[PDB]
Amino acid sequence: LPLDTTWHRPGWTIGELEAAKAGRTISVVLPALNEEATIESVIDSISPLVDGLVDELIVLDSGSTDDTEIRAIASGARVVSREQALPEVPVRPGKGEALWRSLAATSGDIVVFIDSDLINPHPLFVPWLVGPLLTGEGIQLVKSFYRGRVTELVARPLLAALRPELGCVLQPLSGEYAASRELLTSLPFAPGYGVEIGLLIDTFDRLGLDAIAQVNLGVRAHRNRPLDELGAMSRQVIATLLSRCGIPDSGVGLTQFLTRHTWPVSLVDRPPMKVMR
């Protein structure tokens, strides 16, 4: 593949990777909205790395109203609200907002994102993801893949239509990935569920494929959302993808008939966090 792809279990040990840091730091961010059932398992999969390979782990709590925050705290995680991450700026809804704000609440040269709704995640996710950033050259972004309705019906076919160079990316919508701060604070952040696809297209347009790697995380399980919520997610993915391709989006939310309901869509990106410096 024209895309650096690690097809089998990476061979790097935790101690090698740590040596390879060479003064660089690593932050881990778990965005979370109402994931009380899974958040503790995810934090626990990663907290053993802290003060070693990982210099920092935070939960970016994105407005949870369940026990996400208390359970995360009881697992020893630093929990940061959207408001605390960036208090001069009023909070908008959606995942992209949470991730963008997380840049202001972390200081790692490398930032790793892991969804907090994962079912029994491997403790090597973070080592496997930072590998190419640490030991490669010019890699600034690493995507995960795994053995994807929105992914297989919406994002990959749309990429084939409009950015076929990215056809080799197996899981463009993957919530597990790592990237340099220099890259992330230089890119705008799409709102809502548009954030991954925006980052991928923006990264590629700006640095080309050679700046991107992907690593196999094996098998993945997570919360299965209802079709209607996916419809809304897909709508936002489309809105962001069309925008990156110079195509005007109507700005009209998807409507569904159960009576009538209109879901929000946003055509507004957050600017590169750099301007907030």
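So that there is no doubt, residue numbering starts at 1 and follows the sequence shown. Take the two forms, superpose them, and find the largest set of C-alpha atoms that agree within 1.5 Å; that set is the rigid core.
For 220-228 versus 207-215, the mean Cα distance to the shown form in 8 other deposited structures of this protein after rigid core alignment is larger for 220-228. Note on 265-273 and 5-13: with rigid core alignment, C-alpha atoms in 8 other deposited structures of this protein sit farther from this form for 5-13. In terms of unmodelled positions of the deposited sequence, the stretch from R147 to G148 in this entry skips 10 or more residues. Unmodelled deposited residues between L258 and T259: 4 to 9, per the record. Here 5-13 and 19-27 are compared by their mean Cα B-factor, and 5-13 comes out higher. For the pair 240-248 and 220-228, the mean B factor over Cα atoms is greater in 220-228. Based on the entry's C-alpha B-factors, the most elevated value among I73, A155, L133, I114 belongs to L133. Placement of the Cα temperature factor of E165 within the chain: highest third of the modelled residues, per the deposited record. Ranked by C-alpha B-factor against the other modelled residues of its chain, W100 falls in the lowest third. The PDB entry assigns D109 a C-alpha temperature factor belonging to the highest third of its chain's modelled residues. Annotation for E137: CA B-factor lies in the highest third of the chain's modelled residues. In the deposited entry, the Cα temperature factor of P127 places it in the highest third of its chain's modelled residues.
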